[PDB]
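Source file: protein_19.tsv (TSV, N, CA and C atoms)
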chain	number	residue	atom	x	y	z
P	22	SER	N	135.10	-56.04	-12.22
P	22	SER	CA	136.06	-55.36	-13.14
P	22	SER	C	135.56	-53.98	-13.44
P	23	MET	N	136.48	-53.12	-13.82
P	23	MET	CA	136.14	-51.77	-14.22
P	23	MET	C	135.38	-51.77	-15.54
P	24	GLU	N	135.66	-52.74	-16.43
P	24	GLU	CA	134.86	-52.88	-17.68
P	24	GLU	C	133.38	-53.19	-17.37
P	25	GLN	N	133.13	-54.11	-16.41
P	25	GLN	CA	131.77	-54.46	-15.94
P	25	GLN	C	131.00	-53.28	-15.35
P	26	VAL	N	131.66	-52.52	-14.49
P	26	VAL	CA	131.07	-51.32	-13.94
P	26	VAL	C	130.62	-50.35	-15.04
P	27	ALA	N	131.46	-50.19	-16.06
P	27	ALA	CA	131.19	-49.21	-17.12
P	27	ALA	C	129.99	-49.61	-17.98
P	28	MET	N	129.80	-50.92	-18.17
P	28	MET	CA	128.63	-51.44	-18.85
P	28	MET	C	127.41	-51.14	-18.03
P	29	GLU	N	127.57	-51.27	-16.72
P	29	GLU	CA	126.51	-51.00	-15.76
P	29	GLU	C	126.17	-49.50	-15.61
P	30	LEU	N	127.16	-48.63	-15.81
P	30	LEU	CA	126.88	-47.19	-15.87
P	30	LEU	C	126.04	-46.91	-17.14
P	31	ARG	N	126.35	-47.57	-18.26
P	31	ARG	CA	125.64	-47.35	-19.51
P	31	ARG	C	124.22	-47.93	-19.46
P	32	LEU	N	124.03	-49.10	-18.85
P	32	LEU	CA	122.69	-49.70	-18.71
P	32	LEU	C	121.77	-48.81	-17.89
P	33	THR	N	122.33	-48.32	-16.79
P	33	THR	CA	121.65	-47.41	-15.90
P	33	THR	C	121.26	-46.11	-16.60
P	34	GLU	N	122.12	-45.59	-17.47
P	34	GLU	CA	121.78	-44.40	-18.24
P	34	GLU	C	120.71	-44.70	-19.28
P	35	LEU	N	120.80	-45.87	-19.89
P	35	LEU	CA	119.76	-46.28	-20.82
P	35	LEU	C	118.42	-46.35	-20.10
P	36	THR	N	118.43	-46.89	-18.88
P	36	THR	CA	117.23	-47.03	-18.12
P	36	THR	C	116.65	-45.66	-17.82
P	37	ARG	N	117.50	-44.70	-17.41
P	37	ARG	CA	117.01	-43.33	-17.12
P	37	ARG	C	116.33	-42.71	-18.33
P	38	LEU	N	116.98	-42.81	-19.48
P	38	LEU	CA	116.38	-42.36	-20.74
P	38	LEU	C	115.05	-43.07	-21.03
P	39	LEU	N	115.02	-44.40	-20.94
P	39	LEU	CA	113.78	-45.16	-21.22
P	39	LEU	C	112.62	-44.87	-20.25
P	40	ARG	N	112.92	-44.42	-19.04
P	40	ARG	CA	111.86	-44.02	-18.12
P	40	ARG	C	111.17	-42.75	-18.59
P	41	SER	N	111.97	-41.82	-19.10
P	41	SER	CA	111.47	-40.58	-19.68
P	41	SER	C	110.61	-40.88	-20.90
P	42	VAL	N	111.11	-41.77	-21.75
P	42	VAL	CA	110.38	-42.19	-22.94
P	42	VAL	C	109.04	-42.83	-22.54
P	43	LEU	N	109.06	-43.73	-21.56
P	43	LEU	CA	107.86	-44.42	-21.13
P	43	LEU	C	106.82	-43.47	-20.57
P	44	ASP	N	107.24	-42.48	-19.78
P	44	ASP	CA	106.28	-41.47	-19.29
P	44	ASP	C	105.67	-40.68	-20.43
P	45	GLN	N	106.52	-40.25	-21.34
P	45	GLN	CA	106.07	-39.52	-22.50
P	45	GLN	C	105.05	-40.30	-23.29
P	46	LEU	N	105.23	-41.61	-23.40
P	46	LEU	CA	104.32	-42.49	-24.17
P	46	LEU	C	103.00	-42.74	-23.43
P	47	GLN	N	103.11	-42.89	-22.13
P	47	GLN	CA	101.94	-43.07	-21.31
P	47	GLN	C	101.04	-41.80	-21.31
P	48	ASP	N	101.61	-40.61	-21.53
P	48	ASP	CA	100.80	-39.37	-21.62
P	48	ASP	C	99.97	-39.34	-22.88
P	49	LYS	N	100.39	-40.07	-23.90
P	49	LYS	CA	99.59	-40.21	-25.10
P	49	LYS	C	98.40	-41.16	-24.95
P	50	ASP	N	98.25	-41.75	-23.75
P	50	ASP	CA	97.12	-42.60	-23.35
P	50	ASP	C	96.45	-41.99	-22.09
P	51	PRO	N	95.75	-40.85	-22.27
P	51	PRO	CA	95.14	-40.18	-21.11
P	51	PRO	C	94.02	-41.00	-20.50
P	52	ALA	N	93.32	-41.77	-21.33
P	52	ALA	CA	92.25	-42.67	-20.87
P	52	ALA	C	92.73	-43.89	-20.06
P	53	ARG	N	94.02	-44.20	-20.12
P	53	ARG	CA	94.64	-45.32	-19.40
P	53	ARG	C	94.10	-46.67	-19.82
P	54	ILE	N	93.78	-46.76	-21.10
P	54	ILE	CA	93.35	-47.99	-21.74
P	54	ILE	C	94.46	-49.05	-21.70
P	55	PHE	N	95.73	-48.61	-21.80
P	55	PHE	CA	96.92	-49.47	-21.81
P	55	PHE	C	97.80	-49.52	-20.52
P	56	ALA	N	97.29	-48.94	-19.43
P	56	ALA	CA	98.01	-48.82	-18.14
P	56	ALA	C	98.27	-50.12	-17.38
P	57	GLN	N	97.37	-51.09	-17.54
P	57	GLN	CA	97.40	-52.33	-16.77
P	57	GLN	C	97.17	-53.50	-17.69
P	58	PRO	N	97.62	-54.69	-17.30
P	58	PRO	CA	97.31	-55.83	-18.14
P	58	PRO	C	95.82	-56.08	-18.25
P	59	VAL	N	95.40	-56.62	-19.38
P	59	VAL	CA	94.03	-57.08	-19.54
P	59	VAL	C	93.74	-58.09	-18.40
P	60	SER	N	92.59	-57.93	-17.75
P	60	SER	CA	92.15	-58.88	-16.72
P	60	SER	C	91.59	-60.19	-17.31
P	61	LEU	N	92.12	-61.32	-16.87
P	61	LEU	CA	91.60	-62.62	-17.27
P	61	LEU	C	90.27	-62.90	-16.59
P	62	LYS	N	90.09	-62.40	-15.37
P	62	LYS	CA	88.77	-62.40	-14.75
P	62	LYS	C	87.72	-61.70	-15.67
P	63	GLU	N	88.05	-60.55	-16.23
P	63	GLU	CA	87.10	-59.79	-17.07
P	63	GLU	C	87.09	-60.13	-18.58
P	64	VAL	N	88.16	-60.78	-19.07
P	64	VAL	CA	88.27	-61.31	-20.44
P	64	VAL	C	88.95	-62.68	-20.35
P	65	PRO	N	88.20	-63.71	-19.93
P	65	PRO	CA	88.83	-65.03	-19.68
P	65	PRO	C	89.44	-65.71	-20.88
P	66	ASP	N	88.92	-65.45	-22.09
P	66	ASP	CA	89.47	-66.08	-23.31
P	66	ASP	C	90.75	-65.40	-23.86
P	67	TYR	N	91.25	-64.38	-23.15
P	67	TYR	CA	92.18	-63.44	-23.78
P	67	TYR	C	93.42	-64.15	-24.30
P	68	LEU	N	93.90	-65.14	-23.56
P	68	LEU	CA	95.11	-65.84	-23.95
P	68	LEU	C	94.90	-66.82	-25.11
P	69	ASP	N	93.65	-67.17	-25.41
P	69	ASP	CA	93.37	-67.92	-26.63
P	69	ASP	C	93.63	-67.04	-27.86
P	70	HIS	N	93.54	-65.72	-27.65
P	70	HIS	CA	93.66	-64.72	-28.70
P	70	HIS	C	95.04	-64.12	-28.83
P	71	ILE	N	95.60	-63.68	-27.71
P	71	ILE	CA	96.82	-62.90	-27.70
P	71	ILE	C	97.85	-63.73	-26.95
P	72	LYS	N	98.95	-64.04	-27.62
P	72	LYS	CA	99.96	-64.91	-27.04
P	72	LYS	C	100.97	-64.21	-26.15
P	73	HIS	N	101.25	-62.94	-26.44
P	73	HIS	CA	102.18	-62.13	-25.65
P	73	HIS	C	101.50	-60.81	-25.25
P	74	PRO	N	100.71	-60.82	-24.16
P	74	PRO	CA	100.12	-59.59	-23.65
P	74	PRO	C	101.18	-58.66	-23.15
P	75	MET	N	100.88	-57.38	-23.24
P	75	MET	CA	101.77	-56.35	-22.81
P	75	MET	C	100.96	-55.14	-22.42
P	76	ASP	N	101.55	-54.33	-21.55
P	76	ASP	CA	100.92	-53.13	-21.00
P	76	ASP	C	101.97	-52.24	-20.32
P	77	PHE	N	101.64	-50.99	-20.04
P	77	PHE	CA	102.62	-50.06	-19.51
P	77	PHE	C	103.15	-50.42	-18.14
P	78	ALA	N	102.34	-51.07	-17.32
P	78	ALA	CA	102.79	-51.41	-15.96
P	78	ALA	C	103.80	-52.55	-15.99
P	79	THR	N	103.58	-53.50	-16.90
P	79	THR	CA	104.50	-54.63	-17.10
P	79	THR	C	105.81	-54.13	-17.71
P	80	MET	N	105.72	-53.15	-18.62
P	80	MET	CA	106.92	-52.45	-19.15
P	80	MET	C	107.68	-51.71	-18.05
P	81	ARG	N	106.94	-51.11	-17.13
P	81	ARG	CA	107.53	-50.38	-16.03
P	81	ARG	C	108.23	-51.32	-15.02
P	82	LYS	N	107.66	-52.51	-14.78
P	82	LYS	CA	108.28	-53.47	-13.87
P	82	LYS	C	109.65	-53.89	-14.45
P	83	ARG	N	109.65	-54.16	-15.76
P	83	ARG	CA	110.86	-54.57	-16.46
P	83	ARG	C	111.90	-53.44	-16.46
P	84	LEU	N	111.46	-52.25	-16.80
P	84	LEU	CA	112.32	-51.08	-16.78
P	84	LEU	C	113.03	-50.86	-15.43
P	85	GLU	N	112.33	-51.05	-14.32
P	85	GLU	CA	112.93	-50.79	-13.01
P	85	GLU	C	113.90	-51.89	-12.54
P	86	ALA	N	113.77	-53.09	-13.11
P	86	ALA	CA	114.78	-54.13	-12.95
P	86	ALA	C	115.87	-54.06	-14.04
P	87	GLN	N	116.02	-52.90	-14.69
P	87	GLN	CA	116.96	-52.70	-15.80
P	87	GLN	C	116.99	-53.87	-16.80
P	88	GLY	N	115.81	-54.38	-17.13
P	88	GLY	CA	115.66	-55.51	-18.02
P	88	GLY	C	115.57	-55.13	-19.48
P	89	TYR	N	115.66	-53.83	-19.81
P	89	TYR	CA	115.82	-53.45	-21.23
P	89	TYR	C	117.31	-53.22	-21.55
P	90	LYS	N	117.87	-54.06	-22.42
P	90	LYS	CA	119.30	-53.99	-22.74
P	90	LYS	C	119.57	-52.95	-23.81
P	91	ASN	N	118.58	-52.68	-24.64
P	91	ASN	CA	118.63	-51.61	-25.66
P	91	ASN	C	117.21	-51.08	-26.00
P	92	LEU	N	117.12	-50.09	-26.88
P	92	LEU	CA	115.84	-49.52	-27.28
P	92	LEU	C	115.02	-50.45	-28.17
P	93	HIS	N	115.64	-51.31	-28.94
P	93	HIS	CA	114.87	-52.27	-29.74
P	93	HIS	C	113.91	-53.09	-28.88
P	94	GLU	N	114.43	-53.60	-27.77
P	94	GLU	CA	113.67	-54.45	-26.84
P	94	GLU	C	112.44	-53.72	-26.28
P	95	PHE	N	112.66	-52.48	-25.88
P	95	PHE	CA	111.61	-51.59	-25.39
P	95	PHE	C	110.61	-51.27	-26.50
P	96	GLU	N	111.09	-50.98	-27.70
P	96	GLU	CA	110.22	-50.75	-28.86
P	96	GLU	C	109.35	-51.97	-29.22
P	97	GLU	N	109.88	-53.18	-29.05
P	97	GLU	CA	109.11	-54.42	-29.26
P	97	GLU	C	107.93	-54.52	-28.30
P	98	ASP	N	108.18	-54.20	-27.03
P	98	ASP	CA	107.12	-54.25	-26.03
P	98	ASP	C	106.06	-53.20	-26.30
P	99	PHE	N	106.48	-51.99	-26.66
P	99	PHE	CA	105.52	-50.95	-26.96
P	99	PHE	C	104.62	-51.33	-28.14
P	100	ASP	N	105.26	-51.77	-29.20
P	100	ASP	CA	104.56	-52.31	-30.34
P	100	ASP	C	103.62	-53.50	-30.02
P	101	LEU	N	103.95	-54.33	-29.03
P	101	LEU	CA	103.02	-55.38	-28.57
P	101	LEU	C	101.72	-54.80	-28.06
P	102	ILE	N	101.82	-53.71	-27.30
P	102	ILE	CA	100.63	-53.12	-26.68
P	102	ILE	C	99.67	-52.70	-27.77
P	103	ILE	N	100.23	-52.05	-28.78
P	103	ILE	CA	99.46	-51.52	-29.88
P	103	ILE	C	98.93	-52.68	-30.70
P	104	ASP	N	99.84	-53.58	-31.06
P	104	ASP	CA	99.48	-54.63	-32.00
P	104	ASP	C	98.50	-55.63	-31.40
P	105	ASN	N	98.59	-55.90	-30.10
P	105	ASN	CA	97.63	-56.83	-29.47
P	105	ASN	C	96.26	-56.24	-29.51
P	106	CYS	N	96.20	-54.94	-29.24
P	106	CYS	CA	94.97	-54.23	-29.19
P	106	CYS	C	94.25	-54.20	-30.53
P	107	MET	N	94.97	-53.96	-31.62
P	107	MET	CA	94.39	-53.85	-32.96
P	107	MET	C	93.97	-55.20	-33.55
P	108	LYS	N	94.40	-56.29	-32.93
P	108	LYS	CA	93.95	-57.61	-33.34
P	108	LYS	C	92.69	-57.97	-32.58
P	109	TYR	N	92.74	-57.87	-31.25
P	109	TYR	CA	91.62	-58.26	-30.37
P	109	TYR	C	90.40	-57.43	-30.62
P	110	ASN	N	90.58	-56.13	-30.72
P	110	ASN	CA	89.47	-55.21	-30.85
P	110	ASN	C	89.20	-54.82	-32.30
P	111	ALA	N	87.94	-54.52	-32.57
P	111	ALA	CA	87.51	-54.20	-33.89
P	111	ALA	C	87.81	-52.74	-34.19
P	112	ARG	N	87.88	-52.45	-35.48
P	112	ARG	CA	88.19	-51.12	-35.98
P	112	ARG	C	87.31	-49.99	-35.41
P	113	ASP	N	86.02	-50.26	-35.23
P	113	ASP	CA	85.06	-49.24	-34.78
P	113	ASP	C	84.94	-49.05	-33.26
P	114	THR	N	85.95	-49.46	-32.49
P	114	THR	CA	85.90	-49.42	-31.02
P	114	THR	C	86.83	-48.37	-30.45
P	115	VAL	N	86.46	-47.88	-29.28
P	115	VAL	CA	87.27	-46.95	-28.52
P	115	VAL	C	88.68	-47.49	-28.26
P	116	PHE	N	88.80	-48.80	-28.09
P	116	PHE	CA	90.09	-49.44	-27.79
P	116	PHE	C	91.03	-49.38	-28.98
P	117	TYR	N	90.55	-49.82	-30.14
P	117	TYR	CA	91.36	-49.80	-31.37
P	117	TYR	C	91.78	-48.37	-31.68
P	118	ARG	N	90.84	-47.44	-31.55
P	118	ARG	CA	91.11	-46.07	-31.94
P	118	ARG	C	92.17	-45.43	-31.05
P	119	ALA	N	92.13	-45.76	-29.76
P	119	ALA	CA	93.18	-45.35	-28.81
P	119	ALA	C	94.59	-45.91	-29.14
P	120	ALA	N	94.63	-47.13	-29.72
P	120	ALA	CA	95.87	-47.74	-30.17
P	120	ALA	C	96.47	-46.98	-31.32
P	121	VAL	N	95.63	-46.66	-32.28
P	121	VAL	CA	96.07	-45.91	-33.44
P	121	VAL	C	96.66	-44.58	-32.98
P	122	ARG	N	95.95	-43.88	-32.12
P	122	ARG	CA	96.41	-42.58	-31.65
P	122	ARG	C	97.74	-42.66	-30.88
P	123	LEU	N	97.89	-43.71	-30.09
P	123	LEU	CA	99.11	-43.95	-29.32
P	123	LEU	C	100.29	-44.28	-30.22
P	124	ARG	N	100.01	-45.05	-31.27
P	124	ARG	CA	101.00	-45.38	-32.29
P	124	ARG	C	101.52	-44.12	-32.97
P	125	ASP	N	100.60	-43.31	-33.47
P	125	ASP	CA	100.97	-42.07	-34.18
P	125	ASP	C	101.69	-41.04	-33.30
P	126	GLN	N	101.14	-40.83	-32.12
P	126	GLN	CA	101.75	-39.93	-31.16
P	126	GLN	C	103.04	-40.49	-30.60
P	127	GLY	N	103.10	-41.81	-30.45
P	127	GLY	CA	104.28	-42.49	-29.96
P	127	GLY	C	105.43	-42.50	-30.93
P	128	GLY	N	105.15	-42.72	-32.21
P	128	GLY	CA	106.18	-42.73	-33.26
P	128	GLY	C	107.08	-41.50	-33.34
P	129	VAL	N	106.56	-40.36	-32.88
P	129	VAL	CA	107.31	-39.09	-32.83
P	129	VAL	C	108.34	-39.19	-31.70
P	130	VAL	N	107.84	-39.49	-30.50
P	130	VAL	CA	108.68	-39.68	-29.30
P	130	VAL	C	109.79	-40.69	-29.57
P	131	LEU	N	109.43	-41.80	-30.21
P	131	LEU	CA	110.39	-42.86	-30.54
P	131	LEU	C	111.34	-42.50	-31.69
P	132	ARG	N	110.94	-41.55	-32.54
P	132	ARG	CA	111.82	-41.06	-33.60
P	132	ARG	C	112.99	-40.24	-32.99
P	133	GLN	N	112.70	-39.46	-31.95
P	133	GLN	CA	113.75	-38.67	-31.29
P	133	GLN	C	114.55	-39.48	-30.29
P	134	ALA	N	113.91	-40.40	-29.57
P	134	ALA	CA	114.63	-41.29	-28.66
P	134	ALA	C	115.70	-42.15	-29.38
P	135	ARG	N	115.37	-42.73	-30.55
P	135	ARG	CA	116.35	-43.44	-31.38
P	135	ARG	C	117.55	-42.56	-31.76
P	136	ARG	N	117.34	-41.26	-31.97
P	136	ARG	CA	118.46	-40.33	-32.16
P	136	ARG	C	119.22	-40.07	-30.83
P	137	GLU	N	118.52	-39.87	-29.70
P	137	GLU	CA	119.21	-39.65	-28.40
P	137	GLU	C	120.06	-40.86	-27.90
P	138	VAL	N	119.70	-42.07	-28.31
P	138	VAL	CA	120.42	-43.31	-27.92
P	138	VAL	C	121.69	-43.50	-28.75
P	139	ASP	N	121.55	-43.35	-30.08
P	139	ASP	CA	122.69	-43.31	-31.03
P	139	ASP	C	123.66	-42.19	-30.66
P	140	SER	N	123.12	-40.99	-30.50
P	140	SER	CA	123.88	-39.78	-30.16
P	140	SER	C	124.69	-39.92	-28.87
P	141	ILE	N	124.06	-40.41	-27.79
P	141	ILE	CA	124.73	-40.57	-26.49
P	141	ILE	C	125.25	-41.99	-26.20
P	142	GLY	N	125.21	-42.88	-27.19
P	142	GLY	CA	125.77	-44.23	-27.05
P	142	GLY	C	124.88	-45.15	-26.24
Hey, can you dump this file as structure tokens for me?
Amino acid sequence: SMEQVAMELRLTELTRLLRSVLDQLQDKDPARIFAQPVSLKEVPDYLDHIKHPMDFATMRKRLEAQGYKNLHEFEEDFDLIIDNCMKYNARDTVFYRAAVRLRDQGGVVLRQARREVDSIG
């Protein structure tokens, strides 16, 4: 149907926008602390601790299969990356501190993206 196509034009535009957002957010992690999932080989207990792991590459796989239906869903995943990190790691670590910085730097990007999504539908 033509109604179905039009939903698909909008999903595809959402995806284009969210790719820009994701790159912008990944630049706030120059150390690439959040680029890949935590290794179970290198942290075998990780799933005893964190129930929903998340990382930029897993967000990117989802994004390219147009699996984000809106910005809330994408914002939940981004917040997982930060929130998992601040639980697992202690306050005085390079990992926690990188989360805080990503959160603060990310919140700006996400403040304007929420306006660009509302603004352009």
Pick from P:35, P:64, P:78, P:42 nearest to residue 134 (chain P), counting only N, CA and C atoms: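 That would be P:42, the residue with the smallest distance to residue 134 (chain P).
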Quick one: DSSP alpha helix (DSSP H) residues in region 22-137 of chain P, as a count of residues only? 80
Counting only C-alpha atoms, the residue of P:122, P:34, P:80, P:131 that sits nearest residue 51 (chain P): P:122
Find the distance between CA of residue 110 (chain P) and CA of residue 75 (chain P) and write it in Å to one decimal. 14.7 Å
Report, in Å to a single decimal, how far apart atom N of residue 32 (chain P) and CA of residue 89 (chain P) are.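 If I compute the distance from CA of residue 89 (chain P) to atom N of residue 32 (chain P), I get 9.6 Å.
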Contacts of residue 121 (chain P) at 8 Å or less, counting only N, CA and C atoms, minus same-chain residues fewer than 4 places along, as a PyMOL selection string? chain P and resi 103+106-107+116-117+125-127
Fewer than 3 positions away in the same chain doesn't count, so skip those; otherwise give me all residues within 12 Å of region 136-139 of chain P, counting only C-alpha atoms, as a PyMOL selection string. chain P and resi 31-32+34-39+41-42+90-93+129-133+142
Box along x, y and z, 3 Å on every side, all listed atoms of region 22-36 of chain P inside: centre and edge lengths in Å to one decimal, as lines of an AutoDock Vina configuration file.
center_x = 126.6
center_y = -50.2
center_z = -16.5
size_x = 25.8
size_y = 17.6
size_z = 14.6
At what distance in Å, to one decimal, does CA of residue 113 (chain P) lie from CA of residue 98 (chain P)?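 Computing the Euclidean distance for CA of residue 98 (chain P) and CA of residue 113 (chain P) yields 24.3 Å.
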Which residue, P:23, P:68, P:86, P:54, has the smallest gap to residue 114 (chain P) when you use only C-alpha atoms?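 Nearest candidate to residue 114 (chain P) out of P:23, P:68, P:86, P:54: P:54.
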For residue 29 (chain P), which residue among P:83, P:88, P:46, P:77 is the nearest when counting only C-alpha atoms? P:88
From P:44, P:76, P:22, P:60, residue lying nearest residue 99 (chain P) [all atoms listed in the file]: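 Closest candidate: P:76.
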